[PDB]
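K.L.:
Below you'll find the structure I mean.
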Amino acid sequence: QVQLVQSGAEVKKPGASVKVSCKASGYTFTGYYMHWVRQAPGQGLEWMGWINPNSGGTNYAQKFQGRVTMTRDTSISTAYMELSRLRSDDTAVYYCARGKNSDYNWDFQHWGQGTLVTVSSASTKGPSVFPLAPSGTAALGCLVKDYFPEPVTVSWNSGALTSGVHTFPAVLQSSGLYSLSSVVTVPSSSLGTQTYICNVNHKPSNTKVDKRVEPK
Amino acid sequence: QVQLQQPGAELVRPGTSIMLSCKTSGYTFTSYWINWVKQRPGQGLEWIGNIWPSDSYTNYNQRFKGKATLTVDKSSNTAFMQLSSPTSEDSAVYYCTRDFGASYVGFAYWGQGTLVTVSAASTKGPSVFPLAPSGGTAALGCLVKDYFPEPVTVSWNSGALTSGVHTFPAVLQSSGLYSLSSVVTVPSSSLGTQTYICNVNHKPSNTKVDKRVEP
Amino acid sequence: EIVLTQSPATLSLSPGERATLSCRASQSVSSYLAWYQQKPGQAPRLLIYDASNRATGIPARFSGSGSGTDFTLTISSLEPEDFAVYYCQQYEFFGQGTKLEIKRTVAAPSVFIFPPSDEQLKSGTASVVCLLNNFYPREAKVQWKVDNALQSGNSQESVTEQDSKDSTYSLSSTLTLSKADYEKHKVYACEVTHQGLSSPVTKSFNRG
Amino acid sequence: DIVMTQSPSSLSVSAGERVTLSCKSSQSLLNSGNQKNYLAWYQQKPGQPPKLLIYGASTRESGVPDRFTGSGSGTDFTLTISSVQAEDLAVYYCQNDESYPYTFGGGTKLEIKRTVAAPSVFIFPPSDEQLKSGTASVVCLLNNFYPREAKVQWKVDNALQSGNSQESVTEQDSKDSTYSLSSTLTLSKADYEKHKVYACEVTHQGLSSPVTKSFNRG
Ligand SMILES: [N+]
Ligand SMILES: [N+]
Ligand SMILES: [N+]
Ligand SMILES: [N+]
Ligand SMILES: [N+]
Ligand SMILES: [N+]
Ligand code: NA
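Residue numbers (the deposited numbering), protein chains in the order written: chain H, 1 to 52, 52A, 53 to 82, 82A to 82C, 83 to 100, 100A to 100D, 101 to 127, 134 to 214; chain A, 1 to 52, 52A, 53 to 82, 82A to 82C, 83 to 100, 100A to 100C, 101 to 127, 133 to 213; chain L, 1 to 91, 96 to 212; chain B, 1 to 27, 27A to 27F, 28 to 212.
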């Protein structure tokens, strides 16, 4: 079956350049065009351009004209997407896409997994963990504030507690750093006899925090 | 071919913004980033910012404390710069340059630069005086005394004479006015035959003078 | 440029029911229209091509029809895995997309408020969290009031995806202040309005 | 921010020698995704805007001679000039093109060493057109000399002048690599016509003894 394997997530600063690869297999690379599509967070799909792996000729959307450069290395069935002078607008997941066949050349039957490119000048920073003290059932949580890059994981009592949890998605603050909160409802009788600990992990900055949440 | 036309100079008063322009031609205005670069006379280069004319997206150097704003006029393919609350610190040449290209590196095309003078002194046109010669080879020139602001351009015989010419940098006199001299060495045998003319142009005062230098 | 408008923005239906999605183009297109499914974190998947032909490995319940400027996608009888986002595509243009949501009985939010922690206040910042827990529908208005002064700009809220059991939602709203300005006031309230609430609910605390 | 460093700031070299300019960078200018060193070298000749010489740390711009070559990677970069020419006179700049804010190095001025050349000295009395306005400018010209160091002294009726003349020097010529200097003695018409002799004494390494040009009038 057709496979479109893309490169890994990149984090670039404004004014830099990113290059995404898309290795194809399962068919003849030169027989079909290769399209590129991106998707800003919370947004729809946006077409960028296509390339002819036989000719190397390209055609980009007006929006990216003079901003993007598409190339291929047929020797390795790989297509490339280079976006220059990066803007905060360019934070998005970038897919490579290929049509069904010559008759239905714009019905993208095959998509790569996508490559998340994040454009930010923030330095790699770990989160500050603050408790949300509880006051039949009782709701408590943790505030994970001011961390960069985005992936943060939160557990409760090292996976022993999993029912009733609500780890909200992260929000991008004006400082360019992320923040979120993880809450969980528990029986009030548990507050007096059971202990609750947030298990935060921010792998990038190698920050792994354990915070106790006790009633006020 | 690609071309970036900037005005020769601009005189700005403290308390009024600088307002530079860059008329573009020779390529698709909305397909390349434009940058603005600062250079005080005799010093280095400083990157002010850039703009994507298609939608006017701007990035700025933080050293300018937000005093600079970049805009364009896509109908005229012109990129503008503006600098508020200017001081003598801001007197300099301001270049307008375009990116080489998406996949390229650096700045390929540059404008000649606009020499901005931030000052409350008024404009004054120059007074051109002759430096008469007095066989072998003889020396003669012109004295461009008392003008403000800089610069002035000088040519000889409407550009037909360029070999042996030396137009010296302008000096600031104790009067607060600039002054320079343009000189050329010529065969003394030609003094009687040929006529030599200085061409002095001071655009800030809309002054253009021609003076026939004679023995 | 062709503009593709999809409707509705959010389609709320129950499993087993029939769903009908629509996509309108600015200009006539004949029948060069495709549909796609996308779930969070996953790449799109082609459903229909040429407006009405099922793509590879697509269940029969999916189907589309239309021509010119009016197109529809229809799932004859929804199933759990069908709830997702759906896009239409024409040449180089995509639609805004429609989110297919699970419908269920109205559920009111459980509203809780959390004052700043002491450790955070030592560092000169104060964060106040207001939780809306296990409610439905999605829409909810959250307004902060400090000493009855309606606040603005200093809050940001975050909503969870639909719970895979009670199809409910959960929303957080964090109001960020400086320690200084947080001590200048006392009453910090969180006014909530939701269809499952006969009247608006306001939870608050003192000692600011 | 990325700060670009160029040291030394000035180099004196003869035509035909090999020159090496250095450029350091705080952070790496290499982009691992595409493996381009986002570095540019610029040549700025007197009275002109910077010209793009090398881009991509090693690629030469169209028309650049074969004697210019760039190298380096990451944080250390070098621009080499094999067999320097007189036209190569300029200030060369480094530029970080990797991420905002784009920054330049301090630049390295390239001076051209040359065999000694004595100046050709001239003097020009004030024109009558100027005198009628109430001021007199006496000009002294030193034409095509090397090195740049030169002492000029005005003497009026044998009396040395101090603090009323202003010099200006041209940047060395792109062909013969010589300098030109002008000294201007500005006086009041009244004071100018109080004296007879006006002389310009020039001392330069290319002169066994000082030369002097003078005139009698005023
Ligand atoms: N195609
Ligand atoms: N500055
Ligand atoms: N603008
Ligand atoms: N280009
Ligand atoms: N299509
Ligand atoms: N999907
Ligand atoms: Na207790």
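Idealized CB from N, CA, C, for every residue including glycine.
1. Starting from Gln101(H), find everything on chain A with Cβ-Cβ shorter than 9 Å and list it in chain order.
2. Looking at the unbroken alpha helix (DSSP H) that takes in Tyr186(L), where does it start and where does it end?
3. Within this structure, are the beta carbons of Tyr32(B) and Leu27B(B) separated by less than 8 Å?
4. Looking at the structure shown, is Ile75(H) part of a helix, part of a strand, or coil, going by DSSP?
5. In the region 102-132 of chain B, which residues sit with their C-beta less than 7 Å from some C-beta in chain A, listed in chain order?
6. Mark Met34(H) as exposed unless 16 or more other C-beta atoms lie within 10 angstroms of its C-beta, in which case mark it buried.
7. Between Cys23(B) and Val115(B), which are expected to be in contact by the criterion C-beta below 8 Å, what is the C-beta distance as a whole number of angstroms?
8. Any chance the CB of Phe98(B) is under 7 Å from a heavy atom of ligand 2?
9. Please list the terminal residues of the continuous beta strand (DSSP E) segment that includes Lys183(B).
10. Below 8 Å, how does it come out for the region 83-91 of chain L and the region 31-51 of chain L: are there three or more Cβ pairs, yes or no?
11. Which term fits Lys30(B), buried or exposed, when burial requires 16 or more other beta carbons within 10 angstroms of its beta carbon?
12. Per the contact definition of three or more C-beta pairs closer than 8 Å, is the region 110-127 of chain H in contact with the region 114-128 of chain L?
13. Should the region 156-167 of chain A be regarded as contacting the region 113-126 of chain A, the criterion being three or more beta carbon pairs within less than 8 Å?
14. Exposed or buried, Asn27D(B), counting other C-beta atoms within 10 Å across all chains shown (16 or more means buried)?
15. State whether the region 174-188 of chain H contacts the region 15-24 of chain A, with contact taken as three or more CB pairs (one from each stretch) at a distance under 8 Å.
16. Check the Cβ-Cβ distances between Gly200(L) and every residue of chain H, and say whether any is below 8 Å.
17. Would you mind telling me which residues of chain B sit closer than 8 Å to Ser17(H), beta carbon to beta carbon, in chain order?
18. Entirely within the region 33-91 of chain L and at least 3 residues each: give me those beta strand (DSSP E) ranges in chain order.
19. Are the region 44-53 of chain L and the region 100-120 of chain L touching by the rule of at least three beta carbon pairs closer than 8 Å?
20. By DSSP, does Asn155(A) sit in helix, in strand, or in coil?
21. Does DSSP put residue 213(L) in a helix, in a strand, or in coil?
22. Can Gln105(H) be considered in contact with ligand 6, in the sense that its beta carbon sits closer than 7 Å to one or more heavy atoms?
23. Leaving out five residues on either side along the sequence, give the residues of the same chain with a beta carbon under 6 Å from the beta carbon of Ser14(L).
24. Using DSSP with H/G/I as helix, E/B as strand and the rest coil, what is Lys201(A)?
25. Taking the beta carbon of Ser182(B) as the centre, do at least 16 other beta carbons fall within 10 Å, making it buried, or is it exposed?
26. Report the neighbours of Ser82A(H) on chain A: residues whose CB is nearer than 8 Å to its CB, in chain order.
27. Closer than 6 Å by C-beta to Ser7(L): which residues in its own chain qualify, once you throw out the five before and the five after it? Chain order, please.
28. Between the region 126-143 of chain L and the region 176-184 of chain L, do three or more beta carbon pairs fall short of 8 Å?
29. Closer than 9 Å, Cβ to any Cβ of chain H: which residues of the region 23-46 of chain A, in chain order?
30. Looking at the structure shown, is residue 226(B) part of a helix, part of a strand, or coil, going by DSSP?
31. Which word fits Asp86(H), buried or exposed, when buried means at least 16 other C-beta atoms lie within 10 angstroms of its C-beta?
32. Can you tell me where the alpha helix (DSSP H) with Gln124(B) in it begins and where it stops?
33. Quick check on this structure: which residue in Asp1(B), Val78(B), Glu143(B), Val150(B) has the alpha carbon closest to the alpha carbon of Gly212(B)?
34. For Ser115(H), tell me which candidate among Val89(H), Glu148(H), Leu141(H), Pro213(H) has the shortest Cα-Cα distance.
35. Pull out every residue of the region 166-193 of chain H whose Cβ sits closer than 8 Å to any Cβ of chain L, in chain order.
36. Taking only heavy atoms of ligand 3 into account, decide whether any of them is closer than 7 Å to the Cβ of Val182(H).
P.N.:
Taking the coordinates as given:
1. Those within 9 Å of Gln101(H) in chain A number zero; the least Cβ separation is about 29 Å.
2. 183-187 is the extent of the alpha helix (DSSP H) around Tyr186(L).
3. The answer is yes: Cβ separation under 8 Å.
4. Correct three-state label for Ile75(H): helix.
5. Answer in chain order: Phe116, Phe118, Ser121, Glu123, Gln124, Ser131.
6. Classification for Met34(H): buried.
7. About 41 Å separates the two Cβ atoms, so there is no contact after all.
8. Not so, every heavy atom of ligand 2 lies at least 7 Å from the Cβ.
9. Counting along the chain, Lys183(B) falls outside any beta strand (DSSP E), though it belongs to the alpha helix (DSSP H) covering 183-186.
10. Contact holds: three or more Cβ-Cβ distances are below 8 Å.
11. Counting other Cβ atoms within 10 Å of its Cβ, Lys30(B) reaches 16 or more and is therefore classed as buried.
12. When C-beta atoms of the region 114-128 of chain L are compared with those of the region 110-127 of chain H, three or more pairs fall below 8 Å, so the two segments count as touching.
13. No: fewer than three Cβ pairs fall under 8 Å.
14. Result: buried.
15. Contact between the region 174-188 of chain H and the region 15-24 of chain A is absent, because fewer than three Cβ pairs lie under 8 Å.
16. With 8 Å as the cut-off, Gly200(L) does not count as an interface residue toward chain H.
17. Per Cβ cutoff of 8 Å: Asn27D, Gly27F, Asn28, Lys30, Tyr32.
18. Whole beta strand (DSSP E) segments, 3+ residues: 34-38, 45-49, 62-67, 70-75, 85-90.
19. Here the region 44-53 of chain L makes no contact with the region 100-120 of chain L; the two share fewer than three CB pairs at distances below 8 Å.
20. Here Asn155(A) sits in helix by DSSP.
21. Past the edges of chain L, shown from 1 to 212, lies residue 213(L), and the structure says nothing about it.
22. Proximity of the beta carbon of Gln105(H) to ligand 6 is not indicated: no heavy atom of the ligand is located closer than 7 Å.
23. Closer than 6 Å at the Cβ level, and outside the excluded window around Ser14(L), lie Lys107.
24. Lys201(A) falls in the helix class under three-state DSSP.
25. Burial is judged here by how many other beta carbons sit within 10 angstroms of a residue's own beta carbon; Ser182(B) has fewer than 16 and is exposed.
26. The contacting residues are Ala98, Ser99.
27. Cβ within range, chain order: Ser22.
28. A contact is defined here as three or more CB-CB pairs under 8 Å, and the region 126-143 of chain L meets this definition with respect to the region 176-184 of chain L.
29. Taking 9 Å as the Cβ-Cβ cut-off against chain H, the residues of the region 23-46 of chain A that qualify are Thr28, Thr30, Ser31, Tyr32, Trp33.
30. With chain B covering only 1 through 212, there is no way to say anything about residue 226(B).
31. By the neighbour-count rule (16 or more Cβ atoms within 10 Å), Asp86(H) is buried.
32. First-last of the alpha helix (DSSP H) with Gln124(B): 122-125.
33. Minimum Cα distance to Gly212(B) is reached at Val150(B).
34. For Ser115(H), the closest of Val89(H), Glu148(H), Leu141(H), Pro213(H) by C-alpha to C-alpha distance is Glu148(H).
35. Against chain L - using a Cβ distance shorter than 8 Å - the residues of the region 166-193 of chain H are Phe166, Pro167, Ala168, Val169, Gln171, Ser177, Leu178, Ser179, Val181, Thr183.
36. False, no ligand heavy atom lies under 7 Å from that Cβ.
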